[PDB]
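Structure first, then comments.
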Amino acid sequence: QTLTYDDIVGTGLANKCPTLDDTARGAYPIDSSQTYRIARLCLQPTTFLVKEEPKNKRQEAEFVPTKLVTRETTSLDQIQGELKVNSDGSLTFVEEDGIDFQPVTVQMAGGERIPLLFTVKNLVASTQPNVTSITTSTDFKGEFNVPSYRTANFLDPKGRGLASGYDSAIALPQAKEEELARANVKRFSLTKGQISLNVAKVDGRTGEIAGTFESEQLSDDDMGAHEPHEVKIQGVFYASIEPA
Amino acid sequence: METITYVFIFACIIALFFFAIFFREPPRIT
Amino acid sequence: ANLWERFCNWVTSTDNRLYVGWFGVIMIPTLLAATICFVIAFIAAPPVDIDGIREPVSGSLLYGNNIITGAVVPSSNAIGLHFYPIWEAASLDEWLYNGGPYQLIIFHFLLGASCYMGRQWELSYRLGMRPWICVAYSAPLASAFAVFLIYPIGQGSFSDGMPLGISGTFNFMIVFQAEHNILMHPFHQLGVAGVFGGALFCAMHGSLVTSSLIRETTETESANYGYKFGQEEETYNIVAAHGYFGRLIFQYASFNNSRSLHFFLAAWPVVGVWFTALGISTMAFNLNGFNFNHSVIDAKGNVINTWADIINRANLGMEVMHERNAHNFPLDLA
Amino acid sequence: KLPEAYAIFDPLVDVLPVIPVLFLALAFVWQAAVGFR
Amino acid sequence: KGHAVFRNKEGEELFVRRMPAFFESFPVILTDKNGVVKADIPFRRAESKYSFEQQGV
Amino acid sequence: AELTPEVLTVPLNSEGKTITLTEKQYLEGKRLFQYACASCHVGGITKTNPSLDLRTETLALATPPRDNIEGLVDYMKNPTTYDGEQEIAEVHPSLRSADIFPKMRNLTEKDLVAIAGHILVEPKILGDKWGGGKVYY
Amino acid sequence: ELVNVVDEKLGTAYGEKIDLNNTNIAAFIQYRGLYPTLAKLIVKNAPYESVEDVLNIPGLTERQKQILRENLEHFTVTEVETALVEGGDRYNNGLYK
Amino acid sequence: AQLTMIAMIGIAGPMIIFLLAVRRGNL
Amino acid sequence: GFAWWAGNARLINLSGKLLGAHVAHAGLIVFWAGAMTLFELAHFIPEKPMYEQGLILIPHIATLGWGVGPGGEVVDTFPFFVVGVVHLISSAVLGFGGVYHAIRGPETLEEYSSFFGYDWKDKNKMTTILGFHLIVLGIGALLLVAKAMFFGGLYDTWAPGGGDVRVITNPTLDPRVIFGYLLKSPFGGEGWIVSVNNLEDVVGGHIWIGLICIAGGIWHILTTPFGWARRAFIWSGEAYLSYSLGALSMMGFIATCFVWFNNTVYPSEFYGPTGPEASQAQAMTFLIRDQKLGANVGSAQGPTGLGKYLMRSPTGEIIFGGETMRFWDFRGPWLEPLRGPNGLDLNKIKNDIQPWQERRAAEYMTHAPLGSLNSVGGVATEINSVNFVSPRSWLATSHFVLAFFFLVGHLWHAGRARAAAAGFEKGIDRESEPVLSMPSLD
Ligand code: CLA
Ligand code: CLA
Ligand code: CLA
Ligand code: CLA
Ligand code: CLA
Ligand code: HEC
Ligand SMILES: CC1=C(/C=C/C(C)=C/C=C/C(C)=C/C=C/C=C(C)/C=C/C=C(C)/C=C/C2=C(C)CCCC2(C)C)C(C)(C)CCC1
Ligand SMILES: CC1=C(/C=C/C(C)=C/C=C/C(C)=C/C=C/C=C(C)/C=C/C=C(C)/C=C/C2=C(C)CCCC2(C)C)C(C)(C)CCC1
Ligand SMILES: CC1=C(/C=C/C(C)=C/C=C/C(C)=C/C=C/C=C(C)/C=C/C=C(C)/C=C/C2=C(C)CCCC2(C)C)C(C)(C)CCC1
Ligand code: OEY
Ligand SMILES: [Cl-]
Ligand SMILES: [Cl-]
Ligand SMILES: [Fe+2]
């Protein structure tokens with residue numbers, strides 16, 4: 001039974017990705033003479049993990065859990081793109097378009113807010129060679145782009161920005177500028193992330209798949225003001241496949 | 001230290017409210 | 001002798017040091033809730049994303065604010081006018097980030113202040129007084145309703161209600177002038193007249209009564225001891241006051257009826273503040289102050305600026321800068 | 001615009017809505033006539 | 001430190017507009033001897049006509 | 001200064017012929033512009049697409065040049081995009097779309113000339129203000 | 001070491017011509033026949049290694065190629081600058097009037 | 001003009017008061 | 001012993017003259033309704049939207065389905081003429097009856113007829129007069145049902161294909177819907193009764209209210225107040241007046257929010273778009289423009305990191321970005337074709353926007369209910385040119401003012417009625433001051 005907007009509104013269901021029936025253990029055959037695309041890719045995070053700084057020598061702190069504070073605003077959806085077949089039977093999805101970013105801020109123990117641009121922008125994810133069928137053991141592994149959390153027009157609270165704003169600390173007219181360079185000169189970062197999509201359900205009839213994802217990326221660096229954190233994101237995904 | 005100072009003054013004002021109301025000189029008639 | 005009737009008698013008792021009453025039964029808890037939440041938020045609340053753009057504003061003392069700059073920050077623009085009680089949040093952490101305490105504080109305060117006005121009626125009835133002191137207090141009350149409730153309703157978001165803080169108040173004022181030209185609105189101008197005139201007539205009345213105090217004391221004592229609480233005779237000479245003030249201006253521009261005078265004192269600031277509360281409440285629906293931008297032009301059609309256009313230059317600079325990250329499209333329509 | 005057959009009354013219709021206000025003013029002429037009794 | 005003389009790429013001498021006492025902050029505007037604006041430090045960069053980079057100051 | 005015939009002289013076409021409007025026409029053009037156009041084009045900007053204003057230098061670079069009476073009168077009949085590549089009568093008021101823009105219904109040919117004339121005169125009086133936006137208010 | 005990359009870009013041909021790889025689409029209004037149809041095609045098919053590359057946009061009619069040739073001297077290319085092309089800022093850079 | 005009709009209308013009110021005052025009526 | 005400035009308080013116990021006052025006053029209301037409609041018609045120009053013309057009565061008549069056709073286009077102005085004329089004519093009759101009862105008629109009624117005469121302290125007669133008017137009101141509400149179902153219908157902005165006059169054949173009777181509205185929260189996304197969004201619910205609620213009012217009319221004719229009600233109220237003219245003052249105040253505040261938010265019984269075709277609507281329309285307008293230029297509005301990150309054109313609501317729905325994120329509860333017929341189960345459908349946005357939607361958005365955005373007191377349209381910094389203030393701002397502000405003063409009138413008259421009923425409204429009796437017989441507080 002397909003729900004209407006008025007059934008969804010305010011329930012939080014709009015943030016969830018479609019689930020697949022637990023029976024859906026099929027296989028979707030791939031005919032390399034055909035072309036395919038993902039009509040909709042939906043990613044829905046359930047867990048945000050942030051890597052801690054152990055400060056000492058050789059300890060390498062682990063990922064600690066965090067509390068989401070920005071509510072049901074986290075899912076990527078309506079993502080689409082080419083699903084290509086390569087000369088070794090591997091499949092590559094090339095992301096084209098979609099709602100492929102959500103700003104998220106989670107809170108660590110101790111109160112630090114970590115904002116991040118949860119994204120799969122420009123995702124390119126590939127399977128193993130010789131797939132011929134998408135099954136409940138297929139894995140996609142890929143990398144994507146993580147642009148700056150704020151874009152170039154963003155003005156900090158003292159009016160300083162990159163493509164706009166003041167270029168100095170105008171409230172301190174005769175202060176020495178050398179100590180303020182990091183905060184006066186905004187920088188647009190562009191970093192890569194990594195993602196694994198693991199297929200656990202397949203509706204062979206409809207071309208729908210569903211499963212689990214883990215991605216790793218960098219948090220917000222506030223236009224170079226401070227160093228980012230490393231973020232692990234876990235959740236569920238849903239994709240629908242079509243002959244192109 | 002400035003937070004302590006701000007809250008200290010505010011708390012002194014609330015205690016003064018208590019005394020000004022409950023420990024006022026009672027108004028007596030004629 | 002029944003339990004309920006004994007309770008009713010204590011509630012409405014005129015012997016309680018502070019009158020409780022049926023309005024007090026709603027007022028006491030709602031004001032305590034608002035007060036406790038305000039004092040704690042003002043000291044320790046983490047920053048709030050007032051404008052919903054994931055740009056949290058720090059308002060509390062422990063996050064680097066002083067008395068002048070601190071504020072409980074309005075709730076997120078992403079919430080708009082939605083009800084956001086604690087139990088609607090996944091956690092207190094989320095509720096704090098999104099401005100939860102502002103909503104809790106202002107709703108309890110509007111209730112408790114409303115009951116405060118009722119309580120003024122109620123005690124007045126228990127003591128056998130005339131009833132209209134609560135009508136005088138409806139002027140400040142309406143003004144609080146206007147900036148905490150009415151204006152957010154008209155603009156679609158509690159994020160545009162007035163912040164509970166000293167600089168937050170000034171921010172509200174500057175943004176309001178840029179969008180509503182409130183200085184050029186007649187209802188604000190009457191408000192200034194109600195409030196300037198109120199201060200004027202306060203000073204006048206205090207000086208005229210003080211000027212005509214009847215000598216009852218020596219030079220070594222406060223003249224205040226010339227009056228004893230509950231004495232039947234007046235303590236000043238109203239004809240001497242009338243005789244001075246009628247000559248300072250002219251006779252018929254002076255009150256000799258104390259009742260007309262004190263009613264005048266009540267009416268002028270009350271009515272003026274009603275209008276300024278109505279001004280805020282009607283600019284809530286964007287019926288703004290007079291616009292004379294480019295109203296004067298010459299024989300060719302050159303604009304001839306007036307003081308109104310200079311105001312507009314100031315208004316523009318407030319416009320283009322406020323919430324500098326929050327606007328993606330060229331018209332700030334709300 | 002009014003129907004053509006009533007077009008003659010345009011200036012009267014421009015004035016009619018203000019008439020209720022005149023009743024309020026009329027009340028003060030009456031009270032001035034009897035000396036605010 | 002010495003007297004600062006500013007010139008654009010065409011060798012014209014330019015003059016920084018001095019801050020008036022009224023202003024806590026003032027924009028950086030460089031004029032020629034006639035008072036015509038020839039360079040500045042822009043706030044919005046996209047439609048900048050007069051940047052130091054463009055004018056070779 | 002005054003509304004002299006020099007300022008009321010605007011190009012008629014691309015050939016270079018000109019026409020001198022009357023003060024009647026100018027005021028009539030200003031009034032009709034306010035009636036039919038100002039809600040989007042107040043002060044010579046375009047509220048619903050600020051990249052395209054009514055400055056004479058902008059009109060001049062449009063395809064069909066529109067910096068003359070003919071081009072402007074033609075535009076109010078068969079508006080196109082800036083490069084002239086597509087007709088946009090369905091989203092822009094014109095006589096071609098007076099059914100869906102009812103304010104264009106009762107505009108005569110004479111009215112178009114006045115509206116066009118006002119658009120061409122007004123930057124001669126106001127200069128940068130016309131089409132410059134709030135920076136020049 | 002810390003440099004504002006947009007200011008730096010104003011010191012290049014980006015600061016004097018229409019950069020086919022970076023400039024926001026509203027700048028193609030400064031020359032006749034470019035906006036919106038060719039400007040759209042140009043922006044969508046960036047980047048270009050040379051100004052000449054735009055003539056090889058698949059689908060150009062012969063008149064569109066003529067308009068491009070007429071305007072090639074107003075064009076330039078510089079390295080793509082992430083700060084100017086992210087966020088869809090080539091279609092809307094937040095500047096109106 | 002329109003000021004003709006609103007003159008006839010505006011004078012109607014005060015005339016009722018006047019006639020009753022000059023006839024000593026129930027005012 | 002009232003002064004001239006409290007002169008109408010002299011009518012409290014003069015039922016004959018007080019009747020003439022009410023009926024004369026009823027004449028003024030009918031007069032204004034008649035004169036104002038004619039004034040609006042005489043100024044009306046059908047080629048302009050109603051809301052560019054300062055009309056508030058013609059939109060009330062249009063909304064009832066008179067004079068309009070598909071899309072709100074005015075097709076026939078004669079029904080407007082009729083409504084004004086009939087009102088105007090009827091005011092003479094009420095005017096006539098009012099001045100007769102106020103001047104020549106019996107000064108008091110109770111001696112002329114035990115039926116029409118009344119005493120404020122007669123709780124039975126009072127509830128009978130209440131019952132009579134309750135029945136009248138119920139009939140009044142059923143009139144709206146009759147028009148809707150049997151006499152042409154009502155204007156339906158939601159009707160398929162641009163809106164149209166539509167006869168209502170299935171009024172909603174389910175009390176779970178009808179009274180569900182009375183229990184929705186007044187806050188954002190709920191909006192209490194102001195969220196009613198279809199004529200079926202509108203007509204069905206009027207069936208209910210009509211029956212409830214007639215049921216209650218009959219009830220109050222047949223009964224006398226129970227003892228708990230007798231001991232709870234003040235039973236006096238002024239007390240009764242203060243009760244109605246409270247009720248009108250409350251109703252005025254409600255109507256204020258109705259005209260400001262509701263675009264169903266105040267169609268935007270007639271009244272102009274709402275505040276939320278106009279703000280949504282701006283985001284739509286630049287979505288459309290930017291996407292025509294090649295922008296991928298789904299994946300455009302704005303300066304804050306939130307999407308520039310589209311983002312999620314706190315419960316997940318895809319909504320317009322920017323400041324209009326606050327107005328995402330807005331529903332309108334030009335927008336809904338784009339909504340799917342998760343909010344705005346990105347596939348419909350890329351493929352299915354129609355020119356009429358582009359037109360409607362550009363129009364509503366350039367007609368947002370912002371304007372100056374002297375009717376300069378737009379934000380406070382706009383230059384003179386456009387002579388426009390939305391009917392919604394006029395109707396919202398005026399009725400907020402009236403609603404506020406009537407709440408003040410309620411307080412004034414309620415407190416006085418209490419004090420008068422207990423006998424200390426003229427001041428404290430020196431010889432018997434209550435406080436002087438109370439023990440001291442301390
Ligand atoms: C249903 C509405 C209603 C009714 C029937 C009454 C009836 C009454 N009121 Mg109440 N009153 C109301 C609403 C109402 N009131 C409201 C809403 C308020 C709050 C504003 C009050 C506040 C109020 C007070 C303070 C008092 C009364 C009093 C009275 C009594 C005498 C009133 C009198 O003689 O006025 C005579 C009329 C005037 C003096 C005219 C006033 C002029 C108004 C204020 C100016 C408005 C002008 C308008 C806005 C625009 C003018 C434009 C210009 C071109 C002319 C009478 C019982 C008196 C009382 O207690 O008696 C028992 C009293 O003291 N009323
Ligand atoms: C809607 C407004 C309204 C209405 C209907 C009334 C009605 C009334 N008032 Mg109130 N009053 C009002 C406003 C109003 N008043 C205001 C604003 C004030 C403050 C100035 C007062 C102050 C006031 C005082 C001080 C007193 C009243 C009294 C009265 C009553 C007796 C009138 C009388 O004897 O006059 C006699 C007046 C005349 C004969 C003059 C002519 C008046 C007529 C009606 C003019 C009608 C003109 C109209 C165009 C004719 C069309 C007729 C056509 C339909 C055929 C009457 C029921 C009196 C009362 O209570 O009596 C016990 C009283 O003492 N009123
Ligand atoms: C609600 C308002 C109201 C009330 C309570 C009264 C009450 C009274 N009037 Mg008054 N009267 C009114 C309105 C009102 N009248 C109006 C509007 C007019 C002008 C036409 C008059 C003209 C008038 C005169 C000339 C006289 C009275 C008299 C009387 C008394 C006797 C009435 C009688 O026996 O009727 C008899 C009953 C009927 C005729 C019942 C017939 C049903 C009615 C008329 C039709 C219902 C139509 C509906 C209500 C609305 C019309 C439709 C419209 C919406 C299009 C009584 C105290 C008399 C009096 O006091 O003498 C000392 C007297 O001489 N009245
Ligand atoms: C103009 C309308 C009107 C008026 C003034 C009255 C007046 C009266 N009615 Mg009547 N009544 C009416 C319409 C009206 N009635 C209708 C239409 C019906 C049919 C359903 C009835 C059925 C009715 C009954 C069955 C009884 C009365 C009774 C009474 C008396 C006591 C009322 C009371 O204590 O209320 C005070 C109200 C309360 C103490 C309860 C308030 C609870 C409300 C619903 C809370 C909601 C608050 C919130 C702000 C409102 C928003 C909407 C909400 C539902 C969410 C009084 C004379 C009583 C009486 O003595 O009759 C002989 C009685 O027993 N009425
Ligand atoms: C802030 C508004 C306010 C205030 C201060 C008063 C004050 C007064 N009223 Mg009025 N009343 C109001 C609004 C108000 N009223 C409204 C809007 C109406 C119409 C719906 C009425 C209807 C009314 C009647 C019918 C009567 C009074 C009476 C009285 C007087 C005695 C106390 C009483 O019975 O009140 C009762 C209280 C109210 C009716 C409402 C007060 C609202 C308070 C501030 C909030 C209550 C808390 C609320 C239930 C909790 C909401 C939160 C929760 C739901 C989430 C007193 C002077 C009585 C009197 O003696 O008059 C002569 C009387 O019989 N009032
Ligand atoms: C909003 C509903 C508008 C109204 C009313 C009017 N115009 Fe307009 N205009 C509007 C837009 C969105 C655009 C850009 C169209 C495009 O995509 O190219 C325009 C454009 C013009 C132009 C061309 C400007 C240029 O520099 O080439 C002209 C000359 C113009 N519009 C004139 C005009 C007139 C005369 C109007 C009153 C009849 C009018 N417009 C109303 C939006 C709207
Ligand atoms: C509809 C119609 C009609 C009717 C009409 C009417 C009904 C009228 C009425 C009218 C009126 C009803 C009028 C009145 C007027 C009034 C006035 C004109 C007033 C004045 C006033 C004044 C001016 C004041 C003064 C004063 C005083 C007295 C005291 C104090 C001070 C003062 C200064 C305030 C007719 C028949 C025409 C026919 C057509 C249609
Ligand atoms: C008591 C009193 C009072 C009051 C009064 C009143 C309020 C009255 C009312 C009255 C009224 C309320 C009146 C009315 C009237 C009306 C009329 C008289 C009508 C007429 C009509 C006509 C004539 C019409 C015509 C027409 C037509 C048919 C068509 C269209 C056009 C025209 C419009 C022309 C006062 C306060 C003053 C004083 C004291 C006492
Ligand atoms: C039509 C319609 C509808 C419906 C509606 C309805 C059905 C209604 C209902 C309503 C109602 C059903 C109402 C009710 C109300 C109530 C009230 C308002 C109450 C009040 C009360 C009071 C006021 C009280 C007070 C008091 C107290 C508390 C204590 C004691 C004393 C006294 C009594 C004073 C709808 C929406 C669907 C839709 C549209 C249309
Ligand atoms: O004035 Mn300007 O307008 Ca009322 O919203 Mn749009 O911007 Mn922002 O959130 Mn507070 O503030
Ligand atoms: Cl701000
Ligand atoms: Cl925005
Ligand atoms: Fe005093």
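Throughout, a chain's letter reflects where its sequence line sits, starting with A, and its residues are numbered from 1. All ligand and atom numbering here is 1-based and tracks the order in the structure.
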Where does D/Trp30 meet ligand 2, judged by heavy-atom distances below 4.0 Å: at the side chain, the backbone, both, or neither?
side chain

Minimum non-hydrogen distance to atom 44 (C) of ligand 2, winning option of H/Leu20, I/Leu28, I/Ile103, D/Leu22
I/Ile103

Cut-off 3.5 Å, side chains only: do C/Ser157 and C/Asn77 have a donor facing an acceptor?
yes

Identify, by atom number and element, the atoms of ligand 2 in contact range of I/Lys17, meaning under 4.0 Å from any of its heavy atoms.
57 (C)

Considering non-hydrogen atoms of the protein only, which is the closest contact for atom 4 (C) of ligand 2, and what is the distance?
I/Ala21 CB, 4.7 Å

In terms of atom number and element, which parts of ligand 10 are under 4.0 angstrom from non-hydrogen atoms of C/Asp51?
9 (O)

Closer than 4.0 Å to some heavy atom of C/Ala334 - which atoms of ligand 10 meet that?
3 (O), 4 (Ca), 5 (O), 6 (Mn)

Tell me whether the rings of C/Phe329 and I/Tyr309 are parallel (<30°), tilted (30 to 60°) or perpendicular (>60°).
tilted

Just verifying a value: how many Å separate C/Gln103 CD and C/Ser76 OG, rounded to the nearest 0.5 Å?
10.0 Å

Side chain I/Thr285, main chain I/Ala281, donor-acceptor under 3.5 Å:
yes

Nearest-contact summary for atom 38 (C) of ligand 2 - protein heavy atom, Å
H/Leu27 CD2, 3.9 Å

If we count only non-hydrogen protein atoms and require a distance under 4.0 Å, does atom 50 (C) of ligand 2 qualify as touching the protein?
no

Could you find the nearest protein heavy atom to atom 17 (C) of ligand 2 and give me its residue, atom name and distance?
D/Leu24 CD1, 3.8 Å

Just wondering, is there an N, O or S atom on C/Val175 that's nearer than 3.0 Å to atom 4 (Ca) of ligand 10?
no

Taking 4.0 angstrom as the limit and counting only heavy atoms of H/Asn26, give me the atoms of ligand 2 inside it, by number and element.
36 (C), 39 (C)

Show your reasoning for whether salt bridge (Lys or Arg N to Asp or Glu O under 4.0 Å) applies to I/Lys308 and I/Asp290.
CA-CA 11 Å; I/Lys308 187 181 303 179; I/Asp290 282 1; over 6 Å; no

Nearest-contact summary for atom 3 (C) of ligand 2 - protein heavy atom, Å
I/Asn8 ND2, 4.8 Å

Number the atoms of ligand 2 from 1 as they appear, then name those within less than 4.0 Å of a heavy atom of D/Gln31, with their elements.
20 (C), 24 (C), 25 (C)

Could you check whether the rings of I/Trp120 and I/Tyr240 sit parallel, tilted or perpendicular, using 30° and 60° as the cut-offs?
tilted

Looking at C/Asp332, the N/O/S atom that lies nearest to atom 6 (Mn) of ligand 10 is called OD1

Close aromatic pair by centroid cut-off 6.0 Å: I/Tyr100 and I/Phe96:
no

Taking only heavy atoms of I/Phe96 into account, list the atoms of ligand 2 that are under 4.0 Å away from them.
54 (C), 55 (C)

Determine whether any protein heavy atom is located less than 4.0 Å from atom 53 (C) of ligand 2.
no

Looking only at heavy atoms, is any part of C/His327 under 4.0 Å from ligand 10, and if so is it the side chain, the backbone, or both, or is it neither?
side chain

Run the numbers for me: atoms of ligand 2, each under 4.0 Å from some heavy atom of I/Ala102, listed by number.
57 (C)

Provide the number and element of each atom of ligand 2 under 4.0 Å from a heavy atom of I/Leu14.
62 (C)

Heavy atom of the protein closest to atom 47 (C) of ligand 2 (residue, atom name, distance)
H/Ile16 CD1, 3.9 Å

Could you find the nearest protein heavy atom to atom 45 (C) of ligand 2 and give me its residue, atom name and distance?
D/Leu26 CD2, 4.1 Å

Find, among atoms of C/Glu323 that are N, O or S, the one nearest to atom 10 (Mn) of ligand 10, and state its name.
OE2

What about the rings of C/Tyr84 and C/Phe158, do their centers lie closer together than 6.0 Å?
no

What's the atom name of the N, O or S in C/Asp160 nearest to atom 4 (Ca) of ligand 10?
OD2

Run the ring-centre check on D/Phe28 versus D/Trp30 and record whether the distance is less than 6.0 Å.
no

Can you see which heavy atom on F/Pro50 is nearest to which on I/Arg289, and at what distance?
CD-NH1, 3.9 Å

Looking at atom 6 (Mn) of ligand 10, is one of the N, O or S atoms of I/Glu323 less than 2.8 Å from it?
yes

Taking atom types as modelled, is there a side-chain donor on C/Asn328 or I/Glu323 under 3.5 Å from an acceptor on the other?
no

Atom 25 (C) of ligand 2 protein-contacted, heavy-atom criterion under 4.0 angstrom
yes

Counting only heavy atoms closer than 4.0 Å, does ligand 10 sit against the backbone of I/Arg326, its side chain, both, or neither?
side chain

Answer with yes or no after comparing the ring centroid distance for C/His180 and C/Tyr151 against a 6.0 Å cut-off, counting only values under it.
yes

Polar contact flag, side-chain donor to acceptor under 3.5 angstrom, I/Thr397-C/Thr282:
no

List ligand 2 atoms under 4.0 Å from H/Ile17, heavy atoms only on the residue side.
40 (C)

Among all protein heavy atoms in this structure, tell me which lies nearest to atom 1 (C) of ligand 2, with the distance rounded to 0.1 Å.
I/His25 CD2, 4.0 Å

Starting from atom 1 (O) of ligand 10, locate the nearest protein heavy atom and write down its residue, its atom name and how far away it is, to 0.1 Å.
C/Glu179 OE2, 2.5 Å

For G/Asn92 and G/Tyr96, does a side-chain donor sit closer than 3.5 Å to a side-chain acceptor?
yes

Quick test: of every protein heavy atom, which one is nearest to atom 61 (O) of ligand 2, and how far off is it to 0.1 Å?
I/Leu11 CD2, 4.2 Å

Below 3.5 Å, N or O to N or O, backbone or side chain included: is there any such pair between I/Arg10 and ligand 2?
yes

